[PDB]
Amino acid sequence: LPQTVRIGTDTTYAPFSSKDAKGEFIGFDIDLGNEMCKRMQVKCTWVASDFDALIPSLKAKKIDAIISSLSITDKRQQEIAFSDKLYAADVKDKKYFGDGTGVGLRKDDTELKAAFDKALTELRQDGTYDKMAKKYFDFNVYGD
């Protein structure tokens, strides 16, 4: 695990990922990433990017992780690895509550994946997920 982790995200999807008047990264995606990074004891720099460029940037190693409401799909799994689910892929329907988004990561970076999964499991067990979800939403955004 390096000191640095660069996290790419598409900042056009409040309340998950967006930018405030002062330019800071804001949203549920940002709070999960920062909470995990703090538990992982690494430094995490947020990087703005168009969604279509996120995965190519991950393979080109411009960024080391993706957190951007990135839904876990068969096509994407063929090209990258995913962390455990962050929350449901589509909020507007229970049919997609079994689906899910996750942290996009390079397949060979198995050590960085487990680190994310470890912190994600630890922040959900101690209630940090719930308290941080209760800020934005009035429903079970994690889903199934």
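For every residue, the number given is its place in the sequence shown, counted from 1.
Comparing 6 to 14 with 132 to 140, the one whose average Cα B-factor in the PDB entry is higher: Taking the mean B-factor of the alpha carbons in each, 132 to 140 is higher.
Averaging the C-alpha B factors as listed in the entry, name the stretch that ends up higher: 48 to 56 or 92 to 100. 92 to 100 has the higher mean C-alpha B-factor.
Place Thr110 in the lowest, middle or highest third of its chain's C-alpha B-factors, as listed in the PDB entry. Middle third of the chain for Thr110's C-alpha B-factor.
Lowest, middle or highest third: where is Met40 by C-alpha B factor in its chain? Its C-alpha B-factor, which the entry lists for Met40, ranks in the highest third among residues of this chain.
CA B-factor placement of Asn34, once the chain's modelled residues are sorted into thirds: For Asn34, whose C-alpha B-factor we compare with every modelled residue in the chain, the answer is the lowest third.
Once the chain's modelled residues are ordered by C-alpha B factor and cut into thirds, is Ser69 in the lowest, middle or highest one? CA B-factor rank for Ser69: lowest third.
Ranking every modelled residue in this chain by its Cα temperature factor as given in the entry, which third contains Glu122? Lowest third.
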